[PDB]
Structures are given as structure tokens and as C-alpha cells.
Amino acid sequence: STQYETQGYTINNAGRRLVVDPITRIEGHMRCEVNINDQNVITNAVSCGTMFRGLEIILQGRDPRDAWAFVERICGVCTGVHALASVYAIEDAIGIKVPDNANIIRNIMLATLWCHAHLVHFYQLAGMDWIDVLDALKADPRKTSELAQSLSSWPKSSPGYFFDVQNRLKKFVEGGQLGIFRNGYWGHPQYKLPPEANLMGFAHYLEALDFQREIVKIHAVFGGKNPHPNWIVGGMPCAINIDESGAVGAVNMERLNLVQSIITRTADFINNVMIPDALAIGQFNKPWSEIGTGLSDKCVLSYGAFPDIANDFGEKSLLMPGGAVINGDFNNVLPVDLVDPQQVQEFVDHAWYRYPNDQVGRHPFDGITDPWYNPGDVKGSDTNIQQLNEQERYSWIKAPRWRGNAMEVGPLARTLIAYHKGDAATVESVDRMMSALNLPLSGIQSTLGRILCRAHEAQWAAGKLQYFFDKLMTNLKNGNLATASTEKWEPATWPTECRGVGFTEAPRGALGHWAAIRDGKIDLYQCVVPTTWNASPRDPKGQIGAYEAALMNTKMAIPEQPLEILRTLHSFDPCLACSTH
């Protein structure tokens, strides 16, 4: 065994090894291994992406106008965000400026995705880490009603409703066909909600499963379909016609009315179901405000998102702020430049790829994706892994760093950056949330805090949907209907050689696509995706990524039942197809 120090942790792989493969209630394929000491405390954590497809290779030689459609298929859970980053990148390379309505619609597409992704994650992916579903069967329906009504104005709270939900669950499990609940962790000591709160949460799990389908109708109006809506280089394809013949063939008043109806419903659901449930989880699980901190009190990163001034990606335009904090110095939010070769770099010394020099990092404009499956001296064999060897290559995920630093990205990261840049709405929301829980601001830097920030962001994005909708309608009232710029659509108009960066904040964090065009074709296309950051393997200095750091020092009540590991990992909303692409 070995032991070494990094980032304030002691990484020690002596002692008992635990393997969790597959990690479930994520997107895609992940393996996690830990070592635990005598005291059942994690002393080593190993994050492994167990899939690869190779979109960066597949994109070579394609027409840049088609790229969005390929890269959209990096992921169906964060559907749309890779298309957005793509059209941004290609427009940046070629020198295309889109009309204001296209930018507003793109912002609507992104905010819609934030609302959907954050909601579904909270209930369908993370919820069962916090809610004991089987313990819902012991609740009193009246006391469940009383609890729900103490927390929210949401209408659906009658004792008869909670009884009906509880009887549906009772019937579901009566034949012994427990389905998704089979062989769960129910009754684990870390389940702290009372029975009434379990039943309330389970009811809401079912309401959210139903309601989420409605949110994405906004994608269907502007983008044709969800999952995987359509986009174009130069704007959006959804031409608008309000008051002329043939409006039946375009985005018309009836289509805009449908969008408005969905916005209102989405905000209502988030504000009156998700938000109070997140706060209730907080109230009953306060110790988790001190577990899973990881890199969140050290190094956090946001590129920023939602340009409000069309084609301006600067600080005065981006509604979701960008910046970086390192060394725990939240008094110094640093600017990020995605062209600077000394800022974003990826390392592969611990990943299944070839570089000419694996002891250095490569900026994405110098990126290389040359897959090399070489797990080395595993316990087991190369096709039957019992234990990865984290002293050599152990993942399909490259290791991104910022100025050589290992960073956390995602809702907690963004919230910290915005808070410390002085964004008034962020400061107010965070202060009120932490006040309600009687926790210090540092309580947000934690597994519980990741969940609270996600709920905060869902409410923020639902409000922004209305803002963007209203901006679109203001343009339409002023006779500004344009949705595409086509003066540089044809390849003969492009530079013979050019490069660009497209960036945004996906639900899981900072996303960038770096593209080089030469002779009308993609010459290079490199993606660095939020879960690539968070699920990162180690670098040449042995520095650990956000997941490995968040798992360090965690106590486990029952080593064979990985509930604490799942709670922390799920708090980042891992997207493994994203991470590996």
C-alpha cells in the first residue's frame, strides 16, 4: 500500500477495499472504489468512467454546420446543451453573429433544460438516497397532510391523497415485485426523515415523474422534439410569423401561448414542491452540511452562461456569472479565458489515452483523443477487473485542470462564484436558505449544499424563463422577428482556417467545445464537459478531483451498503456519457 498527501488529504490505500460497480441512478457507466480504515472512514477514493464512444474522433472531417447534431448525442439527459455549445463554437470560429431572437430562444432552451434536469435529478436520481420509500408505508396520512401544509401552499395535500398514494405503494409491493425498490438500503441508520416526510417525498417523486414531461414541451415548440431538439449555425430554425399569411407554418401566437402556459406551470411546481422538499431534506439531515465538502471550499469554477446581450459573451452580458476561485480564496474571483493555453488543460497520465508526454497537460486546441485501454497491474485481469490500479491508468475520463488546479464545477460552484462576485439575487437567496436552516454559509460547501444549490438554481432558471419570454415578446411587438443570420451559411464564405470556443453552464457545470475548421471541414473538435471535471482521475502531481475529494474522510455506517458514497456522488448529478464522450 501507499500513502501520500494532496490538497489537505491523506490518500491511503491500505486497508479494506470496497467496490461499487455499477453506480446506479446516474447517467451512463461509472465504477467507484474506496479504501476504508478500521473506523469505517474512507481514506482513498477512485472515480472511474467505464464507457467511451469517441465523438471527438467521429467529428473529424464533418461539415461544421452538422456538428451540433452529432455532439448533441453526447448525452440525452443534458439534451440540448452540447448543441448550444457547438453552434456557439462554430459561430465563434467563422465570425457569425445571430439575431437577438435566436439568442433569446437559445437562452429559453437552456433555462428549460436547467429546470427539467434539476427537477428530475432531485426526485428520480437522488431522492431515494434521502427518502426511505418503504418507511412511507408506516406514515399516518393526516400527519402527512399536516406536514405538507406546514411547508407549502401546494394544493395537493389532502389526507385522502396521501392515503391513496400510500395504498398505491402498498399494492405495488404486495406481490413481492418491488421493482426499482428491490434490495435497496431501506432502514439504514442514515435515513432520518420521519414516516410522514417519507410519504410526502414519495408522493412528490410521483408528481415530479409525471410533471417533468410537460417542461420539455418548450423544447418541442422551438426545437421540434425532446430529447434531442434541433438547432442551426446562425440562429434557430424556428422561423416566427405572428400576423401574416402562413403563420400556421411558423412560431405563431398560439405556439407562444403554449410556451407561456408551460413556463407558469414549471415555476409553480419548482417553487411549491421542489423548493420546500429540498429545505425539508436540509432540516432533517443537517449533519450532511459538514460531509462531502471536497474541493468546494478550495477550488471552484464557472465559465458563465446566458448572454443577455446577443453575441456578447463578456461579464456585462452573462446572467450567470463566470469565474474561478483557487486556494480557498473566495475573496479573489479570477477571470477565465478559454483560449489561454495556461488555463484549461487536460492530463491523461491516469486515463486510458496516449499523449506524446503524459506528464504535461494539453489545452483543448492542442487536444488529442487517442484511446488506449491499459489498466496495468489490476487485481484480476484486463477483462475482469477486481480492483483498478489508481497508481496508473484507471478511467476513460481525461483529467482537466485550471492553471494546474483541480476544480469543482456545477450548481454549488456557480452559487459560490456568484455569491462572492456580489450578485444580489444569489446573495439574497443563499442567505435566506441558510437562515431558514440555522446554518452558517460554510454549510453550503457540502453534499447537502449541492442539493440545496440545485433547488435554488431550478427556481432561478424558472424565473429567467419568464424574463426571456418577455424579452422575445417585446421584440415581436417592435417588429423584430429575425431568427437566423445566413450571410455566412455557405462554406465558401468561411475563413480557410479558423478556430473557435463555445462555452456555457450545463446543469452539471462548466462546458466547453473547442473547434478548428480548415478547408470547410472540422480539423479538430475537443470537448471538456462538467462531469469530466468532477469525475476526473488524478494528475501527475497526484492531485485528486472533485468526486474523489468529496468522498475522502467519509464515515460509513455499514461498509457493505454504500449509502453514504451514493449520497455524495449523486449530489453532483454524475453524467458519465457526458464525461467521456
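We number the residues from 1 along the sequence you see.
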### Between the two ranges 369-377 and 234-242, the one averaging a larger CA B factor in the entry
369-377
### Query
Do the C-alpha atoms of 545-553 or of 32-40 have the higher average B factor in the entry?
32-40
### Query
Looking at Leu412, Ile104, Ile281, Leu256, which has the highest CA B-factor as recorded?
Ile281
### Task
Just grab whichever of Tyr123, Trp489, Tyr161, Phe347 has the top CA B-factor as deposited.
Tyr161
### Query
Taking the entry's C-alpha B-factors for this chain, is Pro287 in the lowest, middle or highest third?
highest
### Query
With respect to C-alpha B-factor, does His188 fall in the lowest, middle or highest third of the chain as deposited?
highest
### Message
How does the C-alpha B factor of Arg450 compare with the rest of the chain: lowest, middle or highest third?
### Response
middle
### Relative C-alpha B-factor of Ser296, binned into the chain's lowest, middle or highest third
middle
### Query
Looking at the C-alpha B-factor of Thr24, is it in the lowest, middle or highest third of its chain?
middle
